[PDB]
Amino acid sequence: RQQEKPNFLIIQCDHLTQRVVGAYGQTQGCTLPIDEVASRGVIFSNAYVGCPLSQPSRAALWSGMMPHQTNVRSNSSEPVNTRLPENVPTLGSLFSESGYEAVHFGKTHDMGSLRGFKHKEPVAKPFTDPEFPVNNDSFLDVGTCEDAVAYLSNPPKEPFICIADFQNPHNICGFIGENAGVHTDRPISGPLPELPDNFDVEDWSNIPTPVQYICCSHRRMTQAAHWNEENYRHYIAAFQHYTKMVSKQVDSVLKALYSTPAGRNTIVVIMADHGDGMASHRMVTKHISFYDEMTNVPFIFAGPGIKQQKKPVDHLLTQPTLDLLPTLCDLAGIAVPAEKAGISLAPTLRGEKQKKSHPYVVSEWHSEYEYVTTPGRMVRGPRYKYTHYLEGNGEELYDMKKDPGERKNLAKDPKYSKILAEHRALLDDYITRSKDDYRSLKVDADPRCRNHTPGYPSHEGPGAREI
């Protein structure tokens, strides 16, 4: 038993959302291979990432730390962001030093947190799509899929830990570029998805300043700011298409996995580095805001020793950015360094009592490319989500039980003043225990990016990257 170790296959998809994954109960037909894995295992309803942005999320994830601690807080490359020091234990270092073969395929964008994995760079394999634009994101996934299939088809050593980091549905970014501004959409042959119930922003004066002006600071939002309903539904359709594309590749990867006896000895994890607005709150992609579509990601486990659960686990707050490292170490029988703040979910996965749990979980924003630096923090408690931004001391407060779509900010309502204070207190506790420098940080927000009536439809001009 204890010397017979499982393998691991970690499949991560950039921008993948709970909404689009059928296992979560909202959208049918886009992720059947992922849903089949979920059906054999356990999915988590509350799985919040440490930052809704790729490089900060990935640097944090593979090191099991938070972004203010890695100090990789934006997507900028060296020297604005500096690679994780070589003395910080990572997933790869812990697994490699315990005798695992550790391999990584696909997207990196890790700022050194992948140290210990042997990385193979994918090669772009272009192809033509008859209905949606496809770019090097989609072409790279073809290479990644080929590499992962080749590896899992003939695994040279057990035990192994393999990461397959897919780009899609990130090609949604390219879609927005091809459809920027006022435009008529190219016809498509599918049924057209409906807008979500939280599409509209009811009151722009009741949201924080940085969220009001995402249209100025986020290039993709500048592009989509004046989109009509048709435009946004075609956006959702494209997102579903790119998700279907990556799910076919997941299928190929799983077929390769289960083509040898290594497969049945493998624990499969499916997650995303962050989500996508999917037109909720008029939002496209990810930038500044902390709404569930972007921060609450699919987080799915199945494999030997993991007990099947039909219902999603919703009595726990999880933080994949912190919890993946100790969970995988616990499943592999590898000791976790004491400084890591994550909590192993292996008890829940085994069907045992989860004695330790997070009383709340957190997300961070700092900047994307240092055009605008507008730090903020999210605290998800058991029932409410609280957000705070330094710029204007803006706050949000959402009842996630009665208002899961986050349509009614409760922060200015005196009836909720005690709940608001209570979540402010969770942020104070986080700052103390994590040594967050949040309270000391400076806002850098040019007033030319805050210079029209609040809200994306009223956006005028070319946005921050242009001025």
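All residue numbers are counted from 1 along the displayed sequence.
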**Fill in**
With B-factors read from the PDB entry, the higher C-alpha mean of 363-371 and 292-300 is in 363-371
**Complete:** Entry B factor averaged over C-alpha atoms, 189-197 against 258-266: higher for 189-197
**Item:** Deposited CA B-factor, highest of 45, 440, 57, 69
**Value:** 440
**Prompt:** Based on what the PDB entry reports, which of 280, 327, 184, 243 has the top C-alpha B-factor?
**Reply:** 184
**Message:** Quick check for you: using the entry's CA B-factors within this chain, is residue 434 in the lowest, middle or highest third?
**Reply:** middle
**Message:** Sorting by Cα B-factor within the chain, modelled residues only, which third would residue 63 end up in: lowest, middle or highest?
**Reply:** lowest
**Complete:** Split the chain's modelled residues into thirds by Cα B-factor; residue 140 lands in the lowest
**Prompt:** What third of its chain's C-alpha B-factors does residue 308 belong to: lowest, middle or highest?
**Reply:** highest
**Third of the chain, ranked by Cα B-factor, where residue 37 sits** = lowest
